[PDB]
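Labels for the chains are A, B, C, D and E, by order of writing; each one numbers its residues from 1.
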């Protein structure tokens, strides 16, 4: 916790610039997308549903 | 009163994403409502009521031969003693509602006042004888905020597609109005506040102060 | 020093004759006159001092004492009905939009403060232009609560939005007392019943339960009324707050709301007990609510080798009055079958807590 | 402070502009105490730092 | 005049010093309701800055 006016105003600018500098295609953020979709959590979770759905049939 | 914590407990799980592009969000809403109904049935059975000792080592007490006439038993827990004494005060309709003491109560209490509060009555009665769920609730509330972040970035870029002229001028004004806020506290840093470089509005201020 | 040639400030006719208040306009008239002048950067000071006098001396700027104040504040309140109409796209785009939004939120919080003392709320309910604005804000927040696609929040503006609801809701707490509904389909009740199911914050939940409780007094339960818009989906939630044994504010608000919902007639009781997920809660919570934070006799001698309680908490008092009113329902309504299914459990709470026998008098005389 | 609190208390200044006032041996030359004031100022201003 | 000379150890310009940009701001507090409650509010917002 312990947020202040400076810590908040400098967070709004960081969020606005992360988006603006991405519209101009100046930012490469592949080491952040390789934490959601690209990791095996997209496949291994499906490999857990593929067995929980079958365990739920008996 | 509930104790305040230092980490977010829940998240709103936003609903401004188009419900024809992202699917199974309604599945998530149904699962969350079902878990919200799967614990309202547990908390209820945590306050469960049970009637297991109306009449039925320090749990067993030997009653005096005097109190054995208002109970029907000579031994039993203290709960049975206080309960059966109250039942005797209730059956004989002794409470003043128009406790008025009976005749046998005179002996069992060794008191001739014939009128005594119930508090004193039970006073004489005594005178005669779990961790993993926190981690799960922090892991889930650590994903509904990542979802609440990606949804905000989608909301921004989608509101940038529509009306880009309106969003860009807002971004340029937020930038020209936030880079000024962050550059307002760089004047007091203890290595530029004793070198006499900033003392040559820090001059009208001393006018207001001296007048104050 | 004191001479005519040194300075001409006291010749013979003004050195002690000027009044003690001859130094300009008074601090109140200065606020009132600098509030209708069109210059910005000046309204931001008047609406700062009015905002101060609404938390340190509200009895000085009361609406009744100055019958020319609401005309001024509405000039800053009404433009919010247009600004709030935006806030789904980028509606703030310069330094003159925020200057007109903060000058409005200040004028709204000032009314929220002046709407807490009595004989000052008696002026907002007379002017329909404020009740309409409150209804508009409640409508927008209902659109945010429901999730429809007609109006989206554009989360980047939530900072300016979540500070309007927590003021209009507080304007409704003082207004819901002065009104009593008489029609089924009626705003100010469908919005609150929709927000309560979503708000997910304690302050709003309590403010809504208090507003709903105050929107059911001075009414009879023998005909159509606002009490028919809620169903077994909202009443299955207000009574669920009784299960929350971690606080003494949601339980009191829920018991107070049920006590206000039951008061008129006996059909309300028959309706409340229709469901089989609301009677099972009251049946297994109202006994335990008569010994909530009451320091039970602590029977622990069954594993070792009494000091019975003397007073009772506020929750036990409210649950006692609740069972008192539920006691005298009828000889056939569910209000009596409930008090009969609770007797073998209220008896233990009467045996372990003495002072209930005086408070549960009416409940015992009816069984 | 050490190097300044050891200077002669009778410090004066002979300047190259006193010729134009024709100071005699029995009169007081103007601007006689110039480095004395410039030393007292640097001393008292170092004692008045806090 | 009993003004401390600069050799003494009072001398330092800012040891404890807070700027309004460093003031703590009111924010949403989070509440905990047992461990089997999913209908509890779990928030408390009184008009905070982020809110």
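Everything below uses one rule, namely that contacts are C-beta pairs under 8 Å (C-beta built on N, C-alpha and C of every residue); 3 or more make two chains touch, one makes a residue touch a chain.
By chain, with names taken from UniProt: A = High temperature lethal protein 1.
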Touching chain A and also chain C, the following chains: B, E
Chains linked by the largest number of contacting C-beta pairs: B-C
Centroid spacing, where centroids are CA-atom means, of chain B and chain D in whole angstrom: 79
CA centroid of chain D to CA centroid of chain E, Å: 55
Centroid spacing, where centroids are CA-atom means, of chain A and chain D in whole angstrom: 75
Sites on chain A at which at least two other chains make contact: 1, 5-6
Two or more partner chains touched - positions in chain B: 2, 6, 10, 40, 43, 156, 181, 185
Multi-partner residues of chain D (at least 2 other chains): none
Chain pairs that touch, as defined at the top of this document: A-B, A-E, B-C, B-E, C-E, D-E
Residue ranges of chain D touching chain E (in the complex, touch as defined): 1, 46-50
Touching residues on chain B, where the partner in the complex is chain A: 6, 146, 153, 156-157, 160, 171, 174-175, 178-179, 181-182, 185
Chain C - residues contacting chain E, complex: 158-159, 162-163, 166-167, 199-205, 237, 240-241, 243-247, 250
Parts of chain E lying in touch with chain C, wherever the complex brings them together: 28, 31-34, 37, 39-47, 49-51
Interfacial residue positions of chain B with respect to chain E in the complex: 2-10, 32, 35-36, 39-40, 42-43, 46, 130, 133-134, 137, 181, 184-185, 188-190, 193-194
